[PDB]
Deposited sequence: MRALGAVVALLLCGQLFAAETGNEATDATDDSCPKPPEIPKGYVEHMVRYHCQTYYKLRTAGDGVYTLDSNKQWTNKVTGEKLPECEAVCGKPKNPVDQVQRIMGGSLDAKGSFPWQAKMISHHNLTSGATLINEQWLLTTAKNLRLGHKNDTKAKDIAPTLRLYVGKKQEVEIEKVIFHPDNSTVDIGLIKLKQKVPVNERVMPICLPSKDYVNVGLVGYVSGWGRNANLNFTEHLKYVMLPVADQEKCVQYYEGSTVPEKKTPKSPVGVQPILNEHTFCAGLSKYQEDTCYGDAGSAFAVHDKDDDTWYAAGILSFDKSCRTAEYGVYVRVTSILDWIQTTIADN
């Protein structure tokens, strides 16, 4: 602001219009233009003295596009976070906004006894986003239904600066999961050598028929006839709040440590990236036909509600 020239018999009124950094969006009531009072107040007709806020754009990677392949070369999954237990097991996160990330309740408890309180689990975790950027976590919230929804929320102490590398995915406004839809699953979990992957990778997986999946893992469909038919040692959590994905065209699958990652769909109408699911059952490896994802639609209400406090 160089002072503007004076004009004879006339004076000057000062204003400003606010703009946001790239990757952010102006949030106001409010036209963004603020103007200096005789009271030395910067004011706007709509919002009073209240300034605009800058908010991270979500689900819009700067460069859009696990036992099998697809190395993430371009950094196309900005929302992916890597979480590590005190006892050194890697698992997935997926950043949902500037200070929150979704994850599985199971991932959260990797260190500890299943009755461990969230207060005691949080100091234990290490969380990373983008390149090796660590983020400092404040709090952790398990989902209210222990047995059914495998989900937890991670609140960071403060907002992550958003850039090419780090940026949240979008929560869906609709139900994307119908069979045959191919989502993108990025993950930090174990690979074909049963080693935690050193570089972040992604697979493309089709969503699978829900009845076929339940017949696969359980008897089933009548509850009293259900048996534990899982071809790996352990049983998925399977209900109305979950969906299944098959293997890739190339027979690639998801494995230990991949849970907590998003089943990420790219909406062609929006050109935006939505999290349709969070990987719950990462034990398929190539051994079982189906991974199991908790569907983000089911947890949407709870997410907004929880973030509200």
I have the full deposited sequence and the modelled structure. Can you tell me which residue ranges, counted from 1, have no C-alpha coordinates? 1-32, 98-102, 347
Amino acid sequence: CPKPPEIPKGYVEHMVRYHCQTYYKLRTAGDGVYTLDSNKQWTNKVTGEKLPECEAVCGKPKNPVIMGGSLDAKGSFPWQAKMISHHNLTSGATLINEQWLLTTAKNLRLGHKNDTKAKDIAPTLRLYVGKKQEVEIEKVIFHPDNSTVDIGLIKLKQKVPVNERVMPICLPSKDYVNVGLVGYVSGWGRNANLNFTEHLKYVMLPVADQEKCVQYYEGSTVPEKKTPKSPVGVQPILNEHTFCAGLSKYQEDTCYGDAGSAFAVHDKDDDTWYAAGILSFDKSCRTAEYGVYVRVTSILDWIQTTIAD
From here on, numbers count along this sequence of modelled residues.
Identify the stretch, either 215-223 or 192-200, whose C-alpha atoms have the larger mean B-factor according to the entry. 215-223
Quick check on the record: does 52-60 or 277-285 carry the larger mean Cα temperature factor? 52-60
CA B-factor ranking of residue 144, expressed as a third of its chain: highest
Where does residue 20 sit by CA temperature factor within its chain: lowest, middle or highest third? highest
What third of the chain does residue 30 rank in for C-alpha temperature factor, lowest, middle or highest? highest
What third of the chain does residue 46 rank in for C-alpha temperature factor, lowest, middle or highest? middle
Considering only modelled residues of the same chain, in which third does the CA B-factor of residue 174 rank: lowest, middle or highest? highest
